[PDB]
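Before any comments, here is the structure.
Using ideal geometry, Cβ is built from the backbone for each residue, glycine included, and neighbour counts are taken over all protein chains shown. Basis: the model, the stated rules and, where named, an outside source; these are not laboratory values.
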Amino acid sequence: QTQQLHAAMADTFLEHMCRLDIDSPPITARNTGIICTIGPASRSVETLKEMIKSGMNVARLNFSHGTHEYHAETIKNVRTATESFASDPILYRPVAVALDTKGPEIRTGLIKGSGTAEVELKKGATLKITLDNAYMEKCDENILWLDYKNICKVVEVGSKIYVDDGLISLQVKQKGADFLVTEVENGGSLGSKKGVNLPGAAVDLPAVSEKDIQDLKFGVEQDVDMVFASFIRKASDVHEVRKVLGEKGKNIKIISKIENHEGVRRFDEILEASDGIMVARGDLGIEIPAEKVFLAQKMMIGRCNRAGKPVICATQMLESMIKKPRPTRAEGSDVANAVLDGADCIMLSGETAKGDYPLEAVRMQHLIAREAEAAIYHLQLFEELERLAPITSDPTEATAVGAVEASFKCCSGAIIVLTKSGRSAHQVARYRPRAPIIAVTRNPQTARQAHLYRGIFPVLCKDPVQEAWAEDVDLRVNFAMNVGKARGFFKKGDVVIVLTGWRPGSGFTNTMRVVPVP
Amino acid sequence: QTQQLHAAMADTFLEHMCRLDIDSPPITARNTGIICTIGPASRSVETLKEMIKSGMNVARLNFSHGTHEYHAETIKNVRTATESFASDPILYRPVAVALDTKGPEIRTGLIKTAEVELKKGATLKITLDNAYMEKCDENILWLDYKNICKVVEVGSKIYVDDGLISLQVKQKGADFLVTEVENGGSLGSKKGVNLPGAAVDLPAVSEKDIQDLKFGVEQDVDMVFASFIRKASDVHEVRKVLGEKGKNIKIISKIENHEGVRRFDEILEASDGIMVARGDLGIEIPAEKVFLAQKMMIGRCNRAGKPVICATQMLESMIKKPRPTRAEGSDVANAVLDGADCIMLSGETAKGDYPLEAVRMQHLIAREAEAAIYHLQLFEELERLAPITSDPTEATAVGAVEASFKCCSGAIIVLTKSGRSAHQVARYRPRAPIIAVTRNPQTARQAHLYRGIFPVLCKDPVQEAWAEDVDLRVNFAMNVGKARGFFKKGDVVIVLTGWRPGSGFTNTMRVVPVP
Amino acid sequence: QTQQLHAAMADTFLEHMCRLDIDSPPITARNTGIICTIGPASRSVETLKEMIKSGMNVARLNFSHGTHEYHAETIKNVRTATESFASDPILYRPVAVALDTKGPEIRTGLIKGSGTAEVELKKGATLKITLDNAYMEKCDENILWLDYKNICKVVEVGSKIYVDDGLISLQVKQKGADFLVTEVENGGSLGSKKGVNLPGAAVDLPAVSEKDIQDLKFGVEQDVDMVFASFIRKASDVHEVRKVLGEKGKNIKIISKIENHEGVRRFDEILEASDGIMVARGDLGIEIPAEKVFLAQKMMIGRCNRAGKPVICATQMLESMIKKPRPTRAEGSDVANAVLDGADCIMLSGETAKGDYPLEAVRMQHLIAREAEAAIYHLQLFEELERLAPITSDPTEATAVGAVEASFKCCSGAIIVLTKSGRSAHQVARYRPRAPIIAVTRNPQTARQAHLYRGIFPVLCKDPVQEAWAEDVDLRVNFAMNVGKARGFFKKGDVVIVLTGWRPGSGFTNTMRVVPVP
Ligand SMILES: O=P(O)(O)OC[C@H]1O[C@](O)(COP(=O)(O)O)[C@@H](O)[C@@H]1O
Ligand SMILES: O=P(O)(O)OC[C@H]1O[C@](O)(COP(=O)(O)O)[C@@H](O)[C@@H]1O
Ligand SMILES: O=P(O)(O)OC[C@H]1O[C@](O)(COP(=O)(O)O)[C@@H](O)[C@@H]1O
Ligand SMILES: [K+]
Ligand SMILES: [K+]
Ligand SMILES: [K+]
Ligand SMILES: [Mg+2]
Ligand SMILES: [Mg+2]
Ligand SMILES: [Mg+2]
């Protein structure tokens, strides 16, 4: 009568839905990664500590805004808050840092005069668009400037142009070279520097601009753990980002953001080149008809799970929590269905960057992820992941799937794995056990990147190596036991699964033990 | 393209069938146990060595016939043939000895070693005057069941000689029944008699049975096949007689009548395994219903995780000819597909002209059939029907089998003192052979009852360091597998072990390359 | 608690097996066809009448033996027996006649002396096989003649040779021209004119010999319904057979007998070209290792089920009943499992052609089939057959599959179908309903050939055509009900499914009705 174990026993999906209970409380452990965007509301040290206690795993910096120096000062504070807890290495939480590139964004110019100044637009009214730099800080209700110099080559008559994140639409009546005349189809106020999207068009900007180059190089300087590459359209876009990171950034992980039609059409070659995927729903839902977005979301998450690569669901998950302390019912549903669909991580944007309730937002996500994890139908999920996954002779693969079937058989409080690269923990997570995966590593980077995988609770063993390998192994296992008790995941005399290798070095995980908690 | 691995991939049973292929060769290992009835044809030491090499696992002695001195000698020969292979521990094969009780049979009398001949429509009086107990003929017939006249009615049907001859009852009384013959045939001496519609109140454990089970205990048999078990208390009666001294002897109940079928669930619970006794069962219930009973029992046994044995007329034509009929081919293969742990030969090995050919042919067929099982479905069914547990050992067993499928392992190697750890694995029915390494030679002989368990008996003395004693026995298993052709250097096997000595602590699963 | 209805309710195959109950009695209807081979024991009119009441649906004539005059008299008798029941059109049962060809057999010659003579062959003995026609009637223990002139070309030292249904095995020790020297391996006594098999060998005998041609012409003259073509090795073999049947016998059904390695290897092209398949296990279990036959059986059955074509299981199903009035447990089990495998028809050979208990064997097949039909796991079968079925716009297909599902939901007593060609009845049977399919037709050939499909109970309407079509339809629907009532398939108030088209002529079946029985 807990963890939805009654519904876990159903022999159909529908009987499984029918058995779900609001009075079956979940376990302590939460498997889904939380990712928070840091900005004015959340960049203070004091508050960042509170985000970490609340459940933040990764901190994301949007490089569509702000300066290398401002960002460097966010990071510094994230690292200070994080290390504030190394005091007790048993309760320490590694906290990753991710870099979100500008990429091929299209923006409007400044509104003439005051900073905040917006101009009201009205349906049917007229708007001329120019590329004349005279006008770039002189935008208003008749004339508007755009930073995409080649716009006219690619937008025809009939075309639609959305501005301010889908909320203002315009139609292309007449067009020269230099300028476009438009009729306003949906009005509203327009401020300075707003996102422009061109649904019909083949936008021809480079995947990595010189601005992107400098930003990527800065992130290599700063030892960030991952990069969220914007607007990826094809594999070669991914490789180009991989080259700009080069040898020095070779361990930093690349998440292609999919946020347009081409990204979606060529998803297979992009996923093959990337380390993970983000479903970038804001842009994506302007670049395609908003009603189609749920399908791309489910296509991308499914294929990532089929391929054992992390997928993040993003944007407007709890929008209303920017202004209010509780979410709407669609927001509640949406976070929960992201987890149920299969998402490894879930992202907060404005809600933590600039909102009036960043901590509450983090908590709500933590609370909902945990309910929805219990609600997942593991029976079917696990069987469908066994079937699709190929056959191999890799003993770690066999050991990984054995540990998972065993975790179901005995309702183990956790599956513990020792791992240098993380790779042995990733092989377990791909099969989606209910129980949490406590990944014990010495490598601080592996610990931080581990958060991209559903279920991995990384822990960082700071202790020196023993002279006897067998003793060193057992000390790490036992470290995972102490973390699990201290966290409430399990208590003494509960059974856990433990994974280890037949010899030192990566790639040898082959041993699975069913072990009582000491 | 080997082991029907193509068929094993399919999404449906029907596509699985379509992908079955006569040119996909089976692995060398054979998982289904073979039991052979020993008799005039096969009781010599010379013939028994060859039966073992051809794949016999359990020697059955039928106590419906023979004297204790006779069976004691049979055993002595089996133990001799078996021990002749201890020369090389790596190739030694444990052989079990099983005792199969007479039970409450009914038999005819002697004849006036000659045979009279009943014709359809003819008249036959049946009698209980013991003066006639050694002169039966076309007219008069003696049976040794004294209450026969109390339980029969006007019209009831009597089958004689394993169902070949049949009589109907035209008039009753006491001492006499008058019967019309319905199926003619050549009656002989002391033949089986069956009274389908009737409830026979003979003891389950008769005076003779009691002395025969004692023989079992003294002779040190491994298991007992108790005939005509009708209800759970019959099995308790048997367990009692075996008593304290006989308590590690497994009791396999033989279902051969309508009541045993009906009270199957309770008999299963009390028994350590089941034998589907198709000979008698197929006269006591209509022959067309046997396959239903058989599949019901194999099914409930696989569900309970207890061994079940298919028996009787599996290769009947091979008593006289050296190839079986096509039916006989089919039937053996379907018993394995149904889920039988063991298959059995009777007359084929006891008294036929081709005992070794019959054993070989069970070995070949079982090996083909085990590769044609749709494990995808079978494993998911057994895994699901399994109640969740706290036992680390169940978890470890299921983890092992899951891993044996993901990497198509050459075997699952298990150390076990009592057998129990190997049994847990075999309940889930891996494709891969389970090589169970033990020092207890009784554990090794009984382990044949379970599908896929190839017991190996370790004769090495105990190393003083426990980890080294564990490795040695793992390596021994490896050498057995290499030598028998189950696998070779660099293949993967699963290895299952515990974290300390003593029963009940198996908790460790390793995926290991063969050295 | 009848028809194994408790077992039909189970969620898994394994639970389905567990609930099979020997006290859950079957319905009256038997769905699997029974094909009896005719010969001395069964060819009297008196005996044939009773074969028919006992359940023979098809009369099989084995052309490997006997003259045209003798077979003509057999057919005459088949039809006298059959037509003896036409007095009562309600109880009248179409009985088909099938011709089984000789084909490329290899046969020995005559034993010297007595026509009835045998010789002993003893393990270790030398036996010489000659082609010199001198010896064709002087065969004995030292010298054996056979009728395949090219045998020496196709065998080598080491080869095996089986004689008389695999009883006797020889091993070639030397290969001359015009002879072989062999060692007897399995001895046994040998009589005259016995079949020879060469497992190793690329036998080259012609698909359709001069004698097969005489024979097929004769079948066309006698208006047989189906041909069983022996030793089909490839599609062109089937074509060759079709030519000889030509126009006069274009609608005569060709069932390819698979009895050798090449047939099995090329099964798909043979299947496509044929109207049906027989698994001829006698020859097959000598041409391939005996332990592999059950594989071939199940491959062929599954593939014919998948394609919707009749498949017959044949040979030694009840062999002991040639001498004993009750079958062995393996035989009882073999038959059940052929039905459970998915076979449309099961066949009897010596059991009915020369044995002592022809009626009893026919009755046993009836009884076992009826039990085994109930024990089928229809939930899974029907789900998979629907699943595998290619998708079609064909209204008749959609109607068939709706009728089958409807028959399941209301546990109907029959599926009544009107059909000219048989086709619409076949499309129901391919989906494998529990309920018997009663096919009403005015076409006597259609009736006789429907016996090759599991479930079809053909009924032959002799009444003339009503002027008003709608009444002509009702009249045949109503003749089906009378047949069902009289046979005890159902009774007044039971529901049945009735299938019709929207106009006369073949191909228009599109109407399913759920109908209480008056
Ligand atoms: O996940 P990875 O990178 O393969 O790391 C797993 C490795 O960790 C170990 O358990 C311990 O190795 P170290 O002692 O070198 O950390 C190995 O046995 C195993 O092969
Ligand atoms: O299957 P069983 O009878 O419980 O025996 C399994 C036992 O065998 C072992 O692997 C070896 O024990 P021993 O050293 O006592 O033979 C134990 O670790 C384990 O508990
Ligand atoms: O199976 P077939 O040969 O298509 O026969 C089915 C045909 O039988 C009918 O039900 C009626 O046939 P009739 O021409 O005999 O009236 C048609 O509606 C239907 O098209
Ligand atoms: K960005
Ligand atoms: K007995
Ligand atoms: K023939
Ligand atoms: Mg974007
Ligand atoms: Mg018996
Ligand atoms: Mg043939």
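Among the residues of the range C:154-168, are any away from ligand 1 (no atom under 16 Å from the Cβ), basic (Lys, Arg) and within 14 Å of chain B (Cβ to nearest Cβ)?
Within the range C:154-168, one or more residues are away from ligand 1 (no atom under 16 Å from the Cβ), basic (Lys, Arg) and within 14 Å of chain B (Cβ to nearest Cβ).
Taken together, the residues in the range B:489-502 that are more than 10 Å from chain A (Cβ to nearest Cβ) and either of a type in the set (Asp, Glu) or more than 31 Å from the chain's Cα centre (by Cα) (or both) amount to 3.
Determine, yes or no, whether C:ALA207 is touching an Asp or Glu at 6+ places or on another chain (Cβ under 8 Å) and assigned to a loop (DSSP other than H, G, I, E, B). The answer is yes for C:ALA207. Of the strands (runs of 3 or more DSSP E) lying entirely inside the range A:223-286, those carrying at least 1 residues that are of a type in the set (A, V, I, L, M, F, W, C) and touching a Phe, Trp or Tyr at 6+ places or on another chain (Cβ under 6 Å) are A:253-258, A:276-280. Residue selection: C:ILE106 fails the criterion of being within 15 Å of C:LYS193 (Cα to Cα) and buried (at least 21 other Cβ atoms within 10 Å of the Cβ).
Take residues that are more than 16 Å from ligand 4 (Cβ to nearest atom), within 23 Å of the chain's Cα centre (by Cα) and away from every other protein chain (no Cβ under 14 Å) and tell me which of the strands (runs of 3 or more DSSP E) falling wholly in the range B:66-136 contain 3 or more.
Details: elements: B:96-100, B:116-118, B:123-127.
So the answer is B:96-100.
Kindly establish whether A:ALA41 is buried (at least 18 other Cβ atoms within 10 Å of the Cβ) and assigned by CATH to the domain that holds A:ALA439. The answer is no for A:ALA41.
Residue-wise test of (1) within 14 Å of another protein chain (Cβ to nearest Cβ); (2) under 23 Å from C:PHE218 (Cβ atoms); (3) within 16 Å of ligand 3 (Cβ to nearest atom); (4) hydrophobic (A, V, I, L, M, F, W, C).
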{"site": "C:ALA229", "(1), (2), (3), (4)": "no, yes, no, yes"}
{"site": "C:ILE232", "(1), (2), (3), (4)": "no, yes, no, yes"}
{"site": "C:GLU262", "(1), (2), (3), (4)": "yes, no, no, no"}
{"site": "C:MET299", "(1), (2), (3), (4)": "yes, no, no, yes"}
{"site": "C:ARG306", "(1), (2), (3), (4)": "yes, no, no, no"}
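Being touching a strand residue (DSSP E or B) at 6+ places or on another chain (Cβ under 8 Å) and either crowded, with 20+ Cβ neighbours inside 10 Å or part of a loop (DSSP other than H, G, I, E, B) (or both) is a description that applies to A:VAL514. Criterion applied to C:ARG434, C:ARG476, C:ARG448, C:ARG423 was being surrounded by 16 or more Cβ atoms within 10 Å (Cβ to Cβ) and farther than 24 Å from C:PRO518 by Cβ, and the one residue passing it is C:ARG448. Of the residues making up the range B:471-482, one or more are more than 16 Å from ligand 7 (Cβ to nearest atom), touching a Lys or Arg at 6+ places or on another chain (Cβ under 8 Å) and in a helix (DSSP H, G or I).
When the test is whether a residue is among the basic types (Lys, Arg) and either more than 7 Å from every other protein chain (Cβ to nearest Cβ) or in a helix (DSSP H, G or I) (or both), B:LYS295 passes it. The one condition from (1) at the interface with another protein chain (Cβ under 9 Å from one of its Cβ atoms); (2) surrounded by 23 or more Cβ atoms within 10 Å (Cβ to Cβ) that B:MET318 does not meet is (1).
Applying the set (1) in contact with a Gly (Cβ under 6 Å, 6 or more places away or on another chain); (2) buried (at least 20 other Cβ atoms within 10 Å of the Cβ) to B:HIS363 leaves exactly one unmet item: (2).
Yes/no matrix, rows are residues, columns are (1) in a helix (DSSP H, G or I); (2) within 19 Å of B:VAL178 (Cα to Cα); (3) among the polar types (S, T, N, Q); (4) assigned by CATH to the domain that holds B:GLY188:
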{"site": "B:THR47", "(1), (2), (3), (4)": "yes, no, yes, no"}
{"site": "B:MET56", "(1), (2), (3), (4)": "no, no, no, no"}
{"site": "B:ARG60", "(1), (2), (3), (4)": "no, no, no, no"}
{"site": "B:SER64", "(1), (2), (3), (4)": "no, no, yes, no"}
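Take the conditions (1) out of contact with any strand residue (DSSP E or B) (no Cβ under 9 Å at 6 or more places or on another chain); (2) among the charged types (D, E, K, R); (3) crowded, with 18+ Cβ neighbours inside 10 Å; B:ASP100 misses just one of them, which is (1). Considering the range B:207-231, and only residues there that are within 16 Å of ligand 8 (Cβ to nearest atom) and among the aromatic types (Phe, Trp, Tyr), the residue that is farthest from B:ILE285 (Cα to Cα) turns out to be B:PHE225. Residues in the range A:392-429 that are farther than 14 Å from A:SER506 by Cβ, hydrophobic (A, V, I, L, M, F, W, C) and more than 7 Å from chain B (Cβ to nearest Cβ): A:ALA400, A:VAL404, A:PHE408, A:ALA414, A:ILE415, A:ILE416, A:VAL428, A:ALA429. Answer yes or no as to whether C:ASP394 is in contact with a helix residue (DSSP H, G or I) (Cβ under 8 Å, 6 or more places away or on another chain) and more than 21 Å from B:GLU15 (Cα to Cα). Here the answer is no, as C:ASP394 does not meet what is asked.
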